[PDB]
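Heads up: the structure comes next, in structure tokens.
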Amino acid sequence: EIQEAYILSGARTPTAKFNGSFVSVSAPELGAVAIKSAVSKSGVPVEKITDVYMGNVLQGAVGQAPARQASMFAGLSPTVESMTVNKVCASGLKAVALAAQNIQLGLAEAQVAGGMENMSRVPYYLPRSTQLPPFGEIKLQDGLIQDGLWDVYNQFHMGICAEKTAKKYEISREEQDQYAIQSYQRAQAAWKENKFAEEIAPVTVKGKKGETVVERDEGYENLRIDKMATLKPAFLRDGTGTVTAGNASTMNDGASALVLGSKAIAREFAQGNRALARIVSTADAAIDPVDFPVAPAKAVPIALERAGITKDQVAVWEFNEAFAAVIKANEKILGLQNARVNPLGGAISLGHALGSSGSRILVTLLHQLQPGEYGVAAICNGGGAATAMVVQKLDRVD
Amino acid sequence: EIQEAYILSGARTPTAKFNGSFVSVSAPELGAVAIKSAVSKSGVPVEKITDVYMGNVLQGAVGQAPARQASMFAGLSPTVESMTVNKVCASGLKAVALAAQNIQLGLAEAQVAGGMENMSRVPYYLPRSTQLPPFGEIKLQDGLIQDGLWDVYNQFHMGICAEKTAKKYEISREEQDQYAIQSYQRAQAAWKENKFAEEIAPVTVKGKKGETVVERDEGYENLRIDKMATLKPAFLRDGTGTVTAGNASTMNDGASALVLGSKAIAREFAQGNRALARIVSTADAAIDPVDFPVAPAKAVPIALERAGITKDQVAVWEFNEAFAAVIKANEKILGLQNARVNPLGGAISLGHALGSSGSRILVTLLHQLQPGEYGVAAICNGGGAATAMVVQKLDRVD
Amino acid sequence: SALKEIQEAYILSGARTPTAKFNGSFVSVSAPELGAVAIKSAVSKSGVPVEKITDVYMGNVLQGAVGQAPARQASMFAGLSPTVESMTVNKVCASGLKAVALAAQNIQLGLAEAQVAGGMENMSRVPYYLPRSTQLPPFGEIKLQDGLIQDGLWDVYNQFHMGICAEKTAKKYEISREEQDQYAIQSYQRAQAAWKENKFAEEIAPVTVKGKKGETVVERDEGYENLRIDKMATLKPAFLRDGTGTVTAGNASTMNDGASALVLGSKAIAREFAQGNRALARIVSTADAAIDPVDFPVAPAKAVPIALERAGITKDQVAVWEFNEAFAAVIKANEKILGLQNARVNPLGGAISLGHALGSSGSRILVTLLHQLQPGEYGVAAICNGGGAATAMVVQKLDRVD
Amino acid sequence: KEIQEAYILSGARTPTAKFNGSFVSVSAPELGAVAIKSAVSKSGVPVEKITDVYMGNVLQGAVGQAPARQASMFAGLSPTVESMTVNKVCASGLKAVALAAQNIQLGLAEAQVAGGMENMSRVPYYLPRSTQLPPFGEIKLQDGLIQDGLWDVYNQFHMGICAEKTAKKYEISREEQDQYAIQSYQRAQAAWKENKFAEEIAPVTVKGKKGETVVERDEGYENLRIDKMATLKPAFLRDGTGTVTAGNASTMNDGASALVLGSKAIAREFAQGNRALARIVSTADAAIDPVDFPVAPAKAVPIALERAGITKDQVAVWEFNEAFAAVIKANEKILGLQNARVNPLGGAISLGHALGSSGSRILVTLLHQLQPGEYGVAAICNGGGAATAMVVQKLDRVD
Ligand SMILES: CC(C)(COP(=O)(O)OP(=O)(O)OC[C@H]1O[C@@H](n2cnc3c(N)ncnc32)[C@H](O)[C@@H]1OP(=O)(O)O)[C@@H](O)C(=O)NCCC(=O)NCCS
Ligand SMILES: CC(C)(COP(=O)(O)OP(=O)(O)OC[C@H]1O[C@@H](n2cnc3c(N)ncnc32)[C@H](O)[C@@H]1OP(=O)(O)O)[C@@H](O)C(=O)NCCC(=O)NCCS
Ligand SMILES: CC(C)(COP(=O)(O)OP(=O)(O)OC[C@H]1O[C@@H](n2cnc3c(N)ncnc32)[C@H](O)[C@@H]1OP(=O)(O)O)[C@@H](O)C(=O)NCCC(=O)NCCS
Ligand SMILES: CC(C)(COP(=O)(O)OP(=O)(O)OC[C@H]1O[C@@H](n2cnc3c(N)ncnc32)[C@H](O)[C@@H]1OP(=O)(O)O)[C@@H](O)C(=O)NCCC(=O)NCCS
């Protein structure tokens with residue numbers, strides 16, 4: 001009765017800087033680029049793909065039905081069904097977990113799933129006339145802040161949440177910054193050898209003169225060891241701050257996508273796929289909103305149990321580097337310091353376009369795997385939660 | 001080992017009019033009132049409920065993680081996972097189907113699911129500094145139009161889609177107004193017989209001068225039979241037009257929620273439950289974006305084949321009345337013109353809070369079925385899709 | 001042209017529109033459209049042929065979104081020829097009076113024989129400010145200032161409302177909550193009484209507002225029947241919430257929409273066309289003075305003596321005083337300093353009860369002052385203005401010039 | 001009781017900065033304060049004698065309360081100094097000087113400060129209050145620069161359109177306009193190579209997060225590109241008949257300017273030998289139909305010449321604001337000033353046009369070009385159909 005789901009491909013766009021190369025390109029347009037490549041590399045006749053699920057946290061001004069736009073701009077048939085998913089930062093992974101379910105229940109044989117975000121293109125919000133005062137100062141919220149990084153209950157940024165955790169586990173400035181430098185170092189190492197060449201789909205942004213062709217993550221080069229310890233705290237300006245702009249994730253523009261199928265679909269069209277893998281298990285989990293940084297420490301045991309697997313059978317972990325504070329706490333709680341986490345860099349140097357990051361880390365994870373090895377992809381999200389996915393890399397199906 | 005999933009309760013707030021009673025109540029607050037009533041009427045201990053899935057189409061300035069807010073403002077534990085869903089007008093019904101998938105897969109035993117929408121509180125968009133011109137006039141889009149009711153591909157209103165449907169299937173102005181007059185009469189007859197007292201959870205509005213319990217839907221009493229045939233078409237003003245404000249659905253604020261159950265949970269805690277039912281099947285289907293009004297005609301026959309029944313075995317049909325033209329088209333294509341279709345009114349008279357509408361017709365449907373009878377909830381969404389659910393009403397499970 | 005000796009200037013006519021409430025009857029009517037209504041009526045009542053009027057000077061504090069050259073619009077909307085010259089004046093609340101004094105200098109120098117001066121203000125229509133792309137942050141909360149506060153009611157140097165300036169003056173000159181309230185109650189009474197006898201009928205130019213399906217004619221001031229005597233002593237201070245607060249919404253002026261205008265002329269023009277004019281009077285003197293920005297409520301105490309000295313008259317020779325009632329605190333401090341306690345200051349009400357359309361107020365008080373004087377009588381219009389300043393004018397009511 | 005004369009004792013201007021350039025963080029009143037401070041220092045008059053500050057400012061949105069008060073106060077002038085912000089559109093700065101002159105003429109004052117200021121970069125967009133907003137649907141937000149500064153109310157078009165119509169009527173062709181515009185740039189460059197503007201310019205110290213910048217040079221006079229000039233699209237009329245371009249029109253800029261005026265007595269006791277010493281002989285304002293605002297200086301000049309008792313041939317240097325090349329070319333035809341000394345060191349096309357300061361900026365530039373005893377004319381047109389003209393006479397001493 002219940003079947004399993006296979007990843008056939010993975011294609012993310014280059015992660016652009018805030019107010020950078022993708023300011024002209026809507027999140028769906030980025031999404032379509034990531035989709036068009038992923039299908040191409042999967043092998044499956046498109047006709048077999050039936051649904052497109054895409055994460056998107058900030059849908060303000062994106063237009064009607066963001067995920068639908070991705071599907072249409074990708075050249076997929078109006079006949080394909082779609083849905084825009086919002087689990088804050090877990091959105092991209094969750095969209096893959098849900099697309100999996102259509103296959104696990106036999107409802108479909110091929111699905112497209114991932115995430116997209118253009119944080120440069122998020123608007124400010126001007127209330128309509130019945131919610132404006134008759135006179136006096138009006139405060140306009142950015143939307144990146146209000147809907148993306150502002151905790152509703154404690155009424156403070158996600159960076160304060162990261163301070164309260166960095167305090168509670170005795171994580172210090174100098175090891176947050178060491179982790180950051182390492183993030184950047186690993187990202188530079190990786191780009192020197194062009195370790196993301198195969199996984200990246202290049203974005204042709206046209207405008208005025210002719211066409212740029214963007215191929216390269218923006219922000220990984222830009223590390224300056226000297227300044228790193230001089231960097232002022234970014235959220236906590238009371239004396240005790242530790243999280244800075246250098247040791248936090250950056251705001252970014254980009255999109256990622258994966259093609260999924262049944263056993264039957266893989267066997268018939270995707271046996272020698274670069275990305276090839278089996279979705280072993282997934283799991284969500286929630287705790288108090290403040291404690292969102294460790295919510296991965298609660299969602300990975302579950303996914304692992306559901307996997308029938310232990311910490312020590314997992315080759316490479318890919319946690320989303322939302323802060324250095326975060327990774328380091330989750331490393332100390334799961335006892336993974338001496339394990340292969342974010343070998344090619346993370347959100348601190350590779351960027352963090354919200355709705356995409358869940359699926360982007362998976363795409364990166366699938367290209368660092370030897371046949372038979374177990375991969376984990378985990379990602380915290382605001383509100384107090386995470387989702388983790390256990391996958392296994394394969395050369396073939398049977 | 002694919003499981004069955006049961007609806008155990010169904011609750012909704014009153015549908016308030018645009019710029020009316022709920023201008024100060026956010027969509028998650030309204031969704032939280034509807035969630036509180038559904039968990040109470042379910043009769044299942046809160047601890048077995050592990051996920052909240054809520055539709056919300058226009059998430060702008062609602063705050064981080066709208067569905068999570070709903071879950072928390074209703075007093076569900078920080079430990080319950082959540083996800084905000086966007087399939088436009090179909091979001092609430094899709095949210096139900098997703099919660100079902102969890103039970104159907106054995107990942108949970110109880111879910112809550114539905115939708116919320118505050119169209120009054122949808123903001124205007126102000127692009128950030130990098131997307132504003134150096135000088136000259138700037139046009140701020142209203143979120144209702146840009147993300148809610150504007151087709152991305154053809155660049156016109158949803159009700160131009162309705163017009164191009166009414167032309168194709170020869171549904172005249174007179175036929176459209178006749179159906180709208182019937183919708184209002186059915187809503188008035190239902191409100192006069194108090195047919196919604198059981199499904200409605202009142203809303204407590206905290207003003208300055210005391211409180212206000214809102215218990216009545218707003219809009220359904222505003223019919224003037226005289227003026228209905230003299231209204232000016234609201235979308236097509238070139239003299240060919242047919243869709244008016246009267247024969248179309250209004251913009252409203254409201255929320256709806258249902259508790260879902262495994263067979264085991266239903267048998268142990270929901271015997272005799274007023275709204276008890278089994279989900280027999282669910283289907284999504286998509287076509288050309290222009291043709292989103294006739295997408296139910298493509299989803300309904302799919303959900304009936306998965307349910308193993310035919311059109312003739314369903315006792316009550318609940319199709320969202322986005323426009324009168326929408327219903328009359330689908331009744332013609334499906335041969336349901338003499339069937340029991342929206343007997344207690346619909347969105348023309350009872351309103352249309354985008355992300356709640358899909359699950360609101362579900363709640364309304366459950367209260368009109370006799371034990372052993374099949375019902376069908378179908379709702380079209382922007383982009384060219386529709387979601388349909390077949391349900392079998394029960395008195396007890398054996 | 002020019003002239004070797006300073007000539008005399010006379011006011012031939014005076015008109016004002018009703019003073020409407022903030023966000024009230026004039027939301028659809030721009031300050032120059034309002035100015036134009038007052039202007040049309042003033043030239044119509046003056047008896048001088050329009051070809052003789054050569055310049056229009058109108059006061060206007062908040063000019064955002066009003067369009068190019070606001071005083072030029074009042075002129076063209078009043079039907080004056082395109083050859084008449086114009087200028088928009090900004091001396092904050094003293095704008096309307098200052099425009100009169102400037103229009104009188106043209107006649108005093110012999111450069112002109114007939115002028116139009118006054119002021120207009122539509123506080124409902126002043127907008128919010130959104131800075132352009134280069135002055136906005138890349139991200140984060142944006143604060144939109146309301147032009148009323150940023151450009152009209154906010155001190156630049158002290159960074160506080162004009163009502164805090166009123167607060168510090170009330171303390172300095174020991175003006176109590178009770179005196180403030182008692183003054184405001186009187187203003188309301190004096191206005192109600194004045195309105196019951198139709199005292200404003202001659203000076204008021206009605207406004208016709210084209211609304212959706214049909215026209216509405218406005219000829220009555222809005223806000224003067226809004227006194228509830230018993231609530232007065234209970235109102236929360238509007239600006240100072242630390243316990244020392246004293247100024248409230250009942251004892252302070254309101255924000256309003258209105259316009260006022262006068263025709264002025266040379267002796268020769270007055271003799272030929274305005275001998276029995278209802279409003280006919282001579283501008284005897286003007287004076288502007290300034291002190292520290294926080295002490296603006298008492299700047300009129302500095303302007304008045306200078307104006308009186310330039311007129312060769314004493315306090316005791318002034319029949320009716322018309323001081324803008326910015327706050328009750330302001331009027332009482334100025335009565336203290338000048339020893340007017342037992343004088344007739346604002347007999348038919350003022351700003352507290354009849355409103356305060358900023359740039360129109362200076363010429364609105366003049367218009368009201370000219371309709372209350374008897375032949376030969378000396379009148380004084382004075383008005384403080386933010387930044388620390390005031391302007392006073394002495395006039396002499398006459399039946400004829402010879 | 002007898003009308004007297006007014007004298008100019010000193011003049012300065014800040015440098016004219018480019019739109020969105022060096023002065024985006026410096027408000028018009030701060031720019032004003034720099035020019036007032038320099039004019040007051042160079043006048044040689046004790047500061048207790050100056051009693052009024054009249055400053056032009058056209059776009060007063062978000063500048064704060066009483067912009068001319070701010071200018072006075074930021075220059076360290078005392079709070080007893082009276083002030084007023086004047087709005088005659090582009091004539092604002094010249095009209096302020098005339099008004100200050102009137103006080104001295106009527107004997108109400110012995111020393112005055114007058115000039116103009118504008119920060120076009122800092123002009124804001126206008127958002128209406130809740131009672132003027134539609135309850136739903138698209139909202140259009142006007143730029144103040146367009147709505148209040150450059151849009152004719154009666155004809156509902158840009159000032160550049162008014163320029164096109166004066167070009168048609170006076171047969172000024174795209175070629176004539178470009179030649180005059182090129183010429184303006186070359187004069188400006190010539191003047192900057194000879195450091196002609198050093199005596200009148202008051203440097204602006206712009207505070208920054210990473211250091212202070214001292215701006216002492218006009219911005220935009222090197223942007224001439226003769227090649228490009230004839231290949232430019234019409235800026236305002238795009239119906240195939242347009243002749244006005246960004247090249248041959250004035251630019252938008254930020255800047256200020258200021259002069260100290262005085263009575264004969266004050267001039268004699270403290271300003272003998274002052275570089276900018278001159279006598280205000282006459283001033284005139286004039287208006288006609290709004291669309292004909294570009295030819296309005298032609299009505300104003302004759303009146304000012306008549307009141308000064310001089311002929312057009314008796315004026316050594318003419319300073320007409322170069323709002324567009326077409327306006328200068330049309331005014332030269334009407335007045336017969338084809339071979340006259342007109343805008344010899346350049347003008348608004350190359351040197352910029354900070355709306356409320358231009359009127360007084362051309363006067364400052366004029367005063368530094370005149371020989372002792374020579375007559376000069378400053379004239380500037382303004383939106384709505386008007387113009388202001390001032391006749392001066394350069395002096396070495398008063399007697
Ligand atoms: C940090 C953040 C808040 C914005 O930072 P910012 O204010 O734009 O910071 P900048 O990029 O200007 O950098 C600040 C300084 O650090 C320096 N800096 C940047 N990257 C650096 C690096 N790798 N090494 C050293 N210094 C660095 C910058 O050069 C700058 O110095 P400068 O001002 O002298 O130029 C945002 O990027 C962010 O990631 N915040 C949280 C993101 C998020 O999603 N939060 C929750 C996730 S669940
Ligand atoms: C209603 C809507 C179409 C815009 O119309 P509107 O301008 O708000 O119209 P209103 O309802 O305010 O009033 C329109 C007129 O019709 C009248 N009217 C409306 N319903 C009526 C009825 N049942 N009987 C009689 N008269 C009625 C009103 O009284 C009014 O008369 P008036 O113009 O003489 O004052 C708007 O809700 C919209 O944008 N579309 C609906 C949302 C939608 O399309 N959703 C579908 C998503 S799939
Ligand atoms: C003072 C000011 C802020 C008042 O704004 P506001 O709060 O909107 O004023 P309100 O509409 O609240 O004034 C009425 C309020 O006080 C009460 N009130 C006001 N005037 C009253 C009176 N004369 N008698 C009794 N009650 C009165 C009203 O009933 C209401 O109280 P409520 O809320 O309990 O019903 C405003 O008028 C202002 O900014 N102007 C003062 C200064 C100024 O305009 N410029 C200075 C000139 S240089
Ligand atoms: C200020 C103004 C110049 C700005 O217009 P703009 O469109 O930004 O023009 P730019 O300065 O960008 O230049 C336009 C083009 O001409 C070019 N150009 C500008 N000045 C030039 C010059 N002197 N020589 C050659 N080419 C020039 C630019 O490089 C650009 O070409 P590009 O497309 O290759 O970049 C003008 O359009 C304007 O609005 N002026 C208002 C007129 C006014 O002040 N009225 C006052 C009435 S009294």
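The sequence lines fix the lettering, A, B, ..., with proteins before strands; numbering per chain opens at 1. Side-chain atoms are counted along with the backbone in the values below, which use heavy atoms only and exclude waters and symmetry mates.
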Would you indicate whether the side-chain heavy atoms of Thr169(C) and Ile175(C) approach each other to under 4.5 Å? no
Tell me yes or no: between the side chains of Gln7(C) and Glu5(C), is some donor less than 3.5 Å from an acceptor? yes
Just so I know, are the side chains of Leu153(C) and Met255(C) near enough to count as touching, which here means a heavy-atom distance under 4.5 Å? yes
Would you check if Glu8(C) and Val401(C) make a side-chain contact, meaning some heavy-atom pair closer than 4.5 Å? no
Does any N or O in the side chain of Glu322(C) come within less than 3.5 Å of the main-chain N or O of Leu369(C), such that one atom is a donor and the other an acceptor? yes
When you measure from the side chain of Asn251(C) to the backbone of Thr246(C), do you find a donor-acceptor pair of N or O atoms at a distance under 3.5 Å? yes
Smallest heavy-atom separation, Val330(C) atom then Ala326(C) atom, equals CG2-CB, 4.3 Å
Pair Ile164(C), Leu240(C) - check side chain to side chain contact (heavy atoms under 4.5 Å, CB included), show working. CA-CA 7 Å; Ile164(C) 296 282; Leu240(C) 196 50; 4.0 Å; yes
Determine the minimum heavy-atom distance between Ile104(D) and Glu110(D), stating which atoms define it. CD1-O, 4.1 Å
Taking the side chain from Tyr157(C) and the backbone from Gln70(D), do they hold a donor-acceptor pair closer than 3.5 Å? yes
Just wondering, more than 12 heavy atoms not from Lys336(C) lying within 6.0 Å of its NZ? yes
May I have the list of side-chain donor-acceptor pairs in residues 386-396 of chain C shorter than 3.5 Å, sequence neighbours left out?
from: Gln396(C); atom 1: NE2; to: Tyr378(C); atom 2: OH; distance (Å): 3.2

Over all atoms of both residues, closest heavy-atom pair of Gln105(C) and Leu108(D): NE2-CD1, 3.8 Å
Taken to the nearest 0.5 Å, the spacing of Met123(C) CE from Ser360(C) OG works out to 11.0 Å
For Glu174(C), does the CD atom have more than 12 heavy-atom neighbours from other residues, nucleotides or ligands under 6.0 Å away? no
Mind running salt bridge (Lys or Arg N to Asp or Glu O under 4.0 Å) on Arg16(C) and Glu203(C) for me, showing each step along the way? CA-CA 6 Å; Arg16(C) 74 158 170 95; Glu203(C) 66 187 68; 3.0 Å; yes
Measuring only between side-chain heavy atoms, which start at C-beta, is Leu348(C) closer than 4.5 Å to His371(C)? no
Looking at CD of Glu269(D) and NZ of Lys49(D), how far apart are the two atoms once the value is rounded to the nearest 0.5 Å? 7.0 Å
Would you confirm whether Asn122(C), through its side chain, and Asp257(C), through its main-chain N or O, come within 3.5 Å as a donor-acceptor pair? no
Checking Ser361(C) against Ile383(C) for the side chain to side chain contact (heavy atoms under 4.5 Å, CB included) test, could you report, in this order, the C-alpha distance in whole Å, the side-chain angles of both residues, the deciding distance, and whether it holds? CA-CA 8 Å; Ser361(C) 276; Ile383(C) 188 160; 3.9 Å; yes
Could you pull out the closest heavy-atom pair between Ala68(D) and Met117(D), with the gap in Å? N-CE, 3.7 Å
For the atom pair CZ (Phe323(C)) and CG (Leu340(C)), what is the distance rounded to the nearest 0.5 Å? 5.5 Å
Side chains of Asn277(C) and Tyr10(C), donor plus acceptor under 3.5 Å: no
Taking side chain to side chain contact (heavy atoms under 4.5 Å, CB included) as the test, write out the residues that go with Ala104(C), two or more places apart. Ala9(C), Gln108(C), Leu264(C), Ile283(C)
How are the rings of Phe296(C) and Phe327(C) set relative to one another: parallel (under 30°), tilted (30 to 60°) or perpendicular (over 60°)? tilted
Let me see the working for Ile11(C) and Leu366(C) under side chain to side chain contact (heavy atoms under 4.5 Å, CB included), right down to the final yes or no. CA-CA 10 Å; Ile11(C) 292 159; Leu366(C) 215 200; 4.2 Å; yes
To the nearest 0.5 Å, atom CD1 of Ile50(D) lies from atom CD of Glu82(D) at 15.0 Å
Decide yes or no for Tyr173(C) and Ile337(C): does some side-chain heavy atom of the first lie under 4.5 Å from some side-chain heavy atom of the second? yes
Within a radius of less than 6.0 Å around NZ of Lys267(C), do more than 12 heavy atoms belonging to other residues, nucleotides or ligands occur? no
Do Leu280(C) and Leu12(C) come close enough that some side-chain heavy atom pair is under 4.5 Å? yes
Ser363(C) side chain vs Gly119(C) backbone, donor-acceptor pair below 3.5 Å: yes
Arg177(C) side chain vs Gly245(C) backbone, donor-acceptor pair below 3.5 Å: no
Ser27(D) (side chain) donor-acceptor with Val63(D) (main chain) under 3.5 angstrom: no
Tell me whether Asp52(D) contacts the main-chain N or O of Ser83(D) through its side chain, where contact means a donor paired with an acceptor under 3.5 Å. no
Starting at CG of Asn158(C), measure out to NZ of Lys168(C) and round the result to the nearest 0.5 Å. 7.5 Å
Which pair of non-hydrogen atoms, one from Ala329(C) and one from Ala166(C), has the smallest distance, and what is that distance? CB-O, 3.9 Å
Donor-acceptor check, side chain of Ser46(C) to backbone of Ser13(C), threshold 3.5 angstrom: yes or no? no
Distance-minimising heavy-atom pair for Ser353(C) and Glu325(C): N-OE1, 4.4 Å
Got a donor-acceptor contact below 3.5 angstrom from the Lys315(C) side chain to the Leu338(C) backbone? yes
Side chains of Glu121(C) and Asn60(C) only: does a donor on one sit below 3.5 Å from an acceptor on the other? yes
Find out whether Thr80(D) and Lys302(C) are in side-chain contact, i.e. whether some heavy atom of one side chain is under 4.5 Å from a heavy atom of the other. yes
Indicate whether any N or O donor in one side chain lies under 3.5 Å from an N or O acceptor in the other, for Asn90(C) and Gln60(D). yes
Step by step, would you call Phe22(C) with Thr254(C) a side chain to side chain contact (heavy atoms under 4.5 Å, CB included)? CA-CA 8 Å; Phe22(C) 177 70; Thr254(C) 64; over 6 Å; no
Mind checking the CG-NZ spacing from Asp295(C) to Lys172(C)? Nearest 0.5 Å is all I need. 5.5 Å
So do the side chains of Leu308(C) and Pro305(C) get within less than 4.5 Å of each other, counting heavy atoms only? no
